[PDB]
Amino acid sequence: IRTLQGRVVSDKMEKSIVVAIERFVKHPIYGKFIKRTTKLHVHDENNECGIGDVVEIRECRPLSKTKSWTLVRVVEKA
Amino acid sequence: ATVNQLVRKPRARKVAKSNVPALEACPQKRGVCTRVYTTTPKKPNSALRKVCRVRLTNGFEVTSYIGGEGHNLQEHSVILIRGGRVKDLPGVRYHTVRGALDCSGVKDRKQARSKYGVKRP
Amino acid sequence: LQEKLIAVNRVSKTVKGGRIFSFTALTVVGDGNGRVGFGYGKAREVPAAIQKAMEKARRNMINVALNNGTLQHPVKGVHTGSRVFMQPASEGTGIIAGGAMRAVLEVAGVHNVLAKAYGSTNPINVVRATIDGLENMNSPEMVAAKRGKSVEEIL
Amino acid sequence: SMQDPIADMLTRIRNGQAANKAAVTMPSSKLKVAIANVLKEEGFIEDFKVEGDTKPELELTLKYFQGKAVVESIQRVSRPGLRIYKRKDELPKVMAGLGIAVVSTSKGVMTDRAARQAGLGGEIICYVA
Amino acid sequence: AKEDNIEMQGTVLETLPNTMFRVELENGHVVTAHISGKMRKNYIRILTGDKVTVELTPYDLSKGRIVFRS
Amino acid sequence: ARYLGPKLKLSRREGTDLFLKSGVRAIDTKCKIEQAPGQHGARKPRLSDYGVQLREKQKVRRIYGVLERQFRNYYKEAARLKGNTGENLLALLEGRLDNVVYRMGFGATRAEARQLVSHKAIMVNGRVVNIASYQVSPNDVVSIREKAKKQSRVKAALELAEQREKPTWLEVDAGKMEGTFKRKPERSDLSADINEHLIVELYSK
RNA sequence: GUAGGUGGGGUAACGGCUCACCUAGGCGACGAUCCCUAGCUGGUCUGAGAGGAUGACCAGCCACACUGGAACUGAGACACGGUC
RNA sequence: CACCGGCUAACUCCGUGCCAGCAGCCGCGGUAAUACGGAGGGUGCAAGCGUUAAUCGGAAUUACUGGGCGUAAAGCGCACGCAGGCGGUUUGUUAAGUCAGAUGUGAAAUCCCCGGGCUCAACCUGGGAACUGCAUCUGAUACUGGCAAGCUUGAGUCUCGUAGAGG
RNA sequence: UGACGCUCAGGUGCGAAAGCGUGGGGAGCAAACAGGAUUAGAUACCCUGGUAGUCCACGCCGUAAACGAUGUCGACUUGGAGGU
Ligand SMILES: NC(=O)OC[C@@H](O)C[C@H](NC(=O)[C@H]1NCCC[C@H]1O)C(=O)N[C@@H](Cc1c[nH]cn1)C(=O)N[C@H](C(=O)O)[C@H](O)c1c[nH]c(Cl)n1
Ligand SMILES: [K+]
Ligand SMILES: [K+]
Ligand SMILES: [K+]
Ligand SMILES: [K+]
Ligand SMILES: [K+]
Ligand SMILES: [K+]
Ligand SMILES: [K+]
Ligand SMILES: [K+]
Ligand SMILES: [K+]
Ligand SMILES: [K+]
Ligand SMILES: [K+]
Ligand SMILES: [Mg+2]
Ligand SMILES: [Mg+2]
Ligand SMILES: [Mg+2]
Ligand SMILES: [Mg+2]
Ligand SMILES: [Mg+2]
Ligand SMILES: [Mg+2]
Ligand SMILES: [Mg+2]
Ligand SMILES: [Mg+2]
Ligand SMILES: [Mg+2]
Ligand SMILES: [Mg+2]
Ligand SMILES: [Mg+2]
Ligand SMILES: [Mg+2]
Ligand SMILES: [Mg+2]
Ligand SMILES: [Mg+2]
Ligand SMILES: [Mg+2]
Ligand SMILES: [Mg+2]
Ligand SMILES: [Mg+2]
Ligand SMILES: [Mg+2]
Ligand SMILES: [Mg+2]
Ligand SMILES: [Mg+2]
Ligand SMILES: [Mg+2]
Ligand SMILES: [Mg+2]
Ligand SMILES: [Mg+2]
Ligand SMILES: [Mg+2]
Ligand SMILES: [Mg+2]
């Protein structure tokens, strides 16, 4: 149900992708809306995602040291 | 400064130092007099002003003003110093507390006695 | 009219003999009901300097639209290096102003105001900035007039 | 380059009023026309018109009252380098509600008063007084 | 009511900047003396070799005030 | 913790009758009210704006008999309370039991009233209160205790209060020796000589 | 073991937690790494506010128990007044 | 208990004579010192009063609110240019930013408001308000962003010609 | 043609004169220096000479009151007299 949408920035790991989730946040002091990036290691069972793809992801149990997110679907192919 | 420049590098507040570093944020410090002497003040004024070089417990060697008329301090006197610049003496950032430890009160004082460590007659 | 001495300054011009000293006098006057003016007098003696200032102040009185002993809205005044800010206050606040601004606001008949003086606080330039503030203030009725509306439509 | 057409429009009104111009003209846009409509109905300008087709041009007829310009001040608030948005409860009163703030809400560009009564916040385009 | 000084004669052995002087006293001790205010105000010049009265203090016997020049 | 020194010196410094004597005799007959106290008192120097503010504050303090810390607290309360701080401040001072006892006419001065209170001679709603700063509220009945009804100073103090302007916000009964604090005094009910806005400004520094 | 994978082992439990093998990744100017300082918070002080400073008392959380290791017992400890 | 030259409420006499000393800053003291020391008088606080330390304020003196850069401190010697910031105009679409409503949460204490209890107060306490936040759901779609298709006014290309101590 | 734009930390290049390296060149000029004066002194200004250098090639240096002591780009806002 609860998902993040972001862009694939690596696919060099077996069954794993790095996904960048871009956020647009008001700066606390100065009030300018800044772009902030959360990078997440995500599980990609079938190795379907390539770099540039837009992917929907969901939070799951730990799968490795760094992985606690899994691929839902590819929204847009690159 | 533009908003975007402040985002990249915020307003740095100036790190204002103490005027009384040898106290180390204590209201007084004890010390031992290493020398007790007189010094001539800066141009407009003239006097022989009573001072002492004091080795503090925390190991800072500082100069302290000995206020009031007349004092009993010698080398190896143990004194309490407070904060207090004397404008017309370079480097004198501390006053000796009168009527504390080895430093006597001022003789025959009747006004501002509490500033010079003198009991009520 | 109410009258108030703000500052008296001894000024000096060098001549071949030595120095000719003379006195300046910043004063303000007002009715305590919207009208206020400032004057600046020069003389060789202080009492003459004051009287000159008072006479100039009496003839250079502006009008101000006050809302029952306070301002209509926040106002910013500037003159030279003096930048002043004033805003309306509720009854019983009193005049929360500094030095020169208070004198102006007192005699003008502003009982309740919150004020601050930024930049230079030279009395001469502060008084001008203050009165510059009060003259550029707008009532509801005159805002309604220029905009071609009623007071109800504006407010 | 030109990066704020709205600031430009406001500057044209401000400069035009300072130079006692009868009217000011500029390249039109839907948003400019929207702001122009607020200015007109609040009575800070007399009228406006759009002329052209491929390259439309907005003309504004400036008001004067007893010689003096009606637009005392006109300030760009939200700008490209720093966008400003406000919730309905924190909509700014300009000149203790003698001026207007022009607010882009989800129900179109309007005054802060109308945004409050509608019960909407939005982007604070400009102050006018 | 003030504490008392020790007057003593001496010869100015050298002049120093800003009306400061080395003065060898009667007892043979060299003090760094300074000019009095009254002598400064009245423009009494002091030179190397001049015989001077020096007011000393018991608080410091390396310092003095030149109050008279003979 | 109280001022125990000479009274008329205070009146002289303010340049007004602070009512610190009973008022059987005129203040000019007991002292030189026009002249400030001391050697250099015949001089009348020009007083600064700060000095005007201070002397207004000290006037009100000296009337009621309140030291600075307690007065500053009364100011903080007035600032907090809704409405006019200046009017609130004077209401609080008028609330005080020592004042109320005086205004009813049981003490000849506020100092004599303060002693009555302090010496457990006053009851608020039938209960002994010996705190001078006790805030009396509307519809409270201040009274003299049966032991203190015989006190000759209380008989005399009533006769003095008959001379003075009677408070409209109180209602005393001389035979009973009790009175009802009907309401809080309005700003109109108190004297116009007090420029309370000067105190408001003084503390706004 | 660094990042991921596969398989075995391990844990109350997911997991490089561990191991073997395979792949060559992973993090970093949106400040990694390194150095210095520091228990965190509710709050507290100051300030018109926005801020700034602070984290004593009280209450929540964490860490430590002469110093460095280690486990045992137990529902729970790697245990202030337990063990080696 | 401190203070009484100004800031800063409060002034005289005597002693001293740039000495002794005072002092936060400006300053005071060299013979008639309201500034030193004492005294009389006064002012401010008061079971405290001063002094020191420390923080914020005043300081718009790091300026988001809320500052500057010709000469006061401050435009890189000049350009090109990657990252980054910013983006003319129209339609559709999306709904990230944004806005609205709702739900959950935001410990108690503390702060604030209206009450209550200790003779009053401090203090204790009932209820409320507040906790400006975070998440989710449902909506809104002007503006900003994404996506798609355009448009020609920004920016380029081509044609012809001109001046020039440009290299 | 159809927003392809503006700005730009880091980066890259250009950057007077002096200076540096290597090899040429060297009329005039001229730091240093030599002599002649002046003067209280004259390590100067003045006079007569004079080396580096000034010139060329290639490489280096990266600074100047490198100034409009005024960053770049865009829009808007009365006039007058000139130059090209
Ligand atoms: N030497 C010493 O220690 O002190 C003496 C000095 O003060 C002399 C004085 N000098 C000057 O002004 C210099 N001006 C610059 C050029 C050289 C020189 O001339 C002077 O008066 N000169 C005279 C000539 C002279 C030199 N020695 C004796 N007489 C002179 O004619 N000076 C001219 C002037 O003062 O306007 C001018 O400077 C000048 C022209 N031609 C020459 Cl040479 N000098
Ligand atoms: K002096
Ligand atoms: K109030
Ligand atoms: K590992
Ligand atoms: K594994
Ligand atoms: K905090
Ligand atoms: K340990
Ligand atoms: K057990
Ligand atoms: K700013
Ligand atoms: K949109
Ligand atoms: K770029
Ligand atoms: K040569
Ligand atoms: Mg983890
Ligand atoms: Mg007390
Ligand atoms: Mg620590
Ligand atoms: Mg502030
Ligand atoms: Mg177990
Ligand atoms: Mg433990
Ligand atoms: Mg145990
Ligand atoms: Mg133990
Ligand atoms: Mg004297
Ligand atoms: Mg600040
Ligand atoms: Mg500045
Ligand atoms: Mg300069
Ligand atoms: Mg400069
Ligand atoms: Mg430049
Ligand atoms: Mg756009
Ligand atoms: Mg949204
Ligand atoms: Mg709570
Ligand atoms: Mg769009
Ligand atoms: Mg550029
Ligand atoms: Mg060269
Ligand atoms: Mg060469
Ligand atoms: Mg030559
Ligand atoms: Mg030559
Ligand atoms: Mg440079
Ligand atoms: Mg420069």
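Quick note on labels: first sequence line is chain A, next is B, and so on, each numbered from 1. Side chains included, hydrogens not; waters and symmetry mates left out as well; all remaining heavy atoms used.
- Side-chain atoms of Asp88(B) and base atoms of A23(H) include a donor and an acceptor less than 3.5 Å apart.
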Below 3.5 Å, can you tabulate the donor-acceptor pairs from side chains in residues 117-124 of chain F to any protein atom, sequence neighbours excluded?
none

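- Listed candidates were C22(H), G38(H), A47(H). Nearest to the side chain of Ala1(F) is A47(H).
- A12(G) takes the anti form, because its glycosidic angle lies more than 90° either side of 0.
- Here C72(G) is in the anti range [glycosidic angle more than 90° from 0].
- Using a 4.0 Å heavy-atom cutoff across all strands shown, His95(B) reaches no nucleic acid atom at all.
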Handout entry: Sugar-phosphate or base contact per nucleotide [nucleotides 97-102 of chain H; S, B, -; heavy atom under 4.0 Å]
Key = BSSSS-

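- A positive value of the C1'-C2'-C3'-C4' torsion places the sugar of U91(H) in the northern pucker family.
- For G80(I), there is no paired nucleotide, since no Watson-Crick or G-U wobble pair has both relevant distances below 3.5 Å.
- Nucleotide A63(G) carries a north sugar; the sign of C1'-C2'-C3'-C4' is positive.
- For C78(G), the torsion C1'-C2'-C3'-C4' is below zero, which places the sugar in the south, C2'-endo range.
- For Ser106(D), the side-chain hydrogen bond (donor to acceptor under 3.5 Å, both in side chains) test picks out no residue, with sequence neighbours left out.
- Taking the centre and axis of the six-membered ring of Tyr116(B), the NZ or CZ atom of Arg109(B) falls inside the cone set by 45° and 6.0 Å.
- Of all nucleotides listed (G5(I), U51(H), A23(H)), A23(H) comes nearest to the side chain of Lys87(B).
- Distances were taken from every side-chain heavy atom of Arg61(F) (C-beta onward) to each of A46(H), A23(H), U52(H); the shortest belongs to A46(H).
- Nucleotides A109(H) and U55(H) fail the base-pair criterion, which asks for a Watson-Crick or G-U wobble arrangement whose two donor-acceptor distances both fall under 3.5 Å.
- Across all strands shown, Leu114(C) has no heavy atoms under 4.0 Å from either base or sugar-phosphate atoms.
- Using the sign of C1'-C2'-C3'-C4' as the criterion, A102(H) is classed as north-puckered.
- Taking only distance into account, the side chain of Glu14(A) never meets the base of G5(G) through a donor-acceptor pair shorter than 3.5 Å.
- Judged by ring centres closer than 5.5 Å and planes tilted by less than 30°, the bases of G87(H) and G88(H) are not stacked on each other.
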